[PDB]
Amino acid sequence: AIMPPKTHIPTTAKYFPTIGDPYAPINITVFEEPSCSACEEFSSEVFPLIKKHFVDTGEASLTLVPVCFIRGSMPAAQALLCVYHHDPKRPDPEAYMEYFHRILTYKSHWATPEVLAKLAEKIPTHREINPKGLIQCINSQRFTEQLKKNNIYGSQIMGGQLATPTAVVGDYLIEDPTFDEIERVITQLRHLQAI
C-alpha cells in the first residue's frame, strides 16, 4: 500500500516484458516498432528461432520492448501495453508478444481499435481478453508516457540508432539482426563465459 516510488526505468530483465528465465546468464533485448517494415520478416522468421534455440534452453532471457516513432503506431502501441496489462494481478509477456507478432505480420491510418481488437482475439493468456475493454484502453491512451520512456530508453541504449528491428545480445548491438548474427554473437558470449 505505502511503498517507495517505482524506478523510472527498471534494472533487471524481470521487470521488462520478458519470456524465458529472468536470471539467465545472457539477455537478448529486442526493440520493435508496430509499423516497421523490416520487422515482419524478423518476428516471423527470426524471433521464433531465438526463442527455440536460446530461450527455451534456459540459455537466455528474451525481452521485447515496444516503441512509437511513426504516426499511426501509437494506437497499436497502446493496445500492446493494454494487452500486456490485461490482468492487474500479473503481466503476461506471452500474450503481449504474440499480439505484437500478429501486429508486425499484419498488412498509415491502419491502426484502428476494430483492427487492433480483431488481432487481439484468441490470444493465449494465463482470464481472457475482452474487445470492449481493449478498445476502451486504447482510446484512453493510458500508456503514452510509458512509450516515451521506451523511446528514450531504446535511444540512449542505441546511442541514437533509433531504427527497428534492433536486437541486443549481452552488450552487443545488432541492427536489422539475423539469426546468424545473433548466434555468432552468442558463440562469443559462451566463449567468454567459458573464460
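A residue's number is simply how far along the shown sequence it sits, counting from 1.
*Asks:* Neighbours in the displayed sequence, residue 107 and residue 108 may still hide a gap; how many deposited residues lack coordinates there, none, 1 to 3, 4 to 9, or 10 or more?
*Replies:* Missing residues, residue 107 to residue 108: 4 to 9.
*Asks:* How many residues that are in the deposited sequence but not in the model lie between residue 126 and residue 127: none, 1 to 3, 4 to 9, or 10 or more?
*Replies:* The entry has 1 to 3 unmodelled residues between residue 126 and residue 127.
*Asks:* In terms of the chain's CA B-factor thirds, is residue 46 lowest, middle or highest?
*Replies:* For residue 46, whose C-alpha B-factor we compare with every modelled residue in the chain, the answer is the lowest third.
*Asks:* By the recorded C-alpha temperature factor, relative to the other modelled residues in its chain, which third is residue 83 in?
*Replies:* Lowest third - that is where residue 83 ends up once the chain's C-alpha B-factors are sorted.
*Asks:* Comparing against every modelled residue in the chain, figure out the third that the C-alpha B-factor of residue 115 lands in (lowest, middle or highest).
*Replies:* Within its chain, residue 115 is a highest-third residue by C-alpha B-factor, going by the deposited values.
*Asks:* Residue 40: which third of its chain by C-alpha temperature factor?
*Replies:* As the PDB entry reports it, the C-alpha B-factor of residue 40 lands in the highest third of its chain.
*Asks:* Once the chain's modelled residues are ordered by C-alpha B factor and cut into thirds, is residue 136 in the lowest, middle or highest one?
*Replies:* CA B-factor rank for residue 136: highest third.
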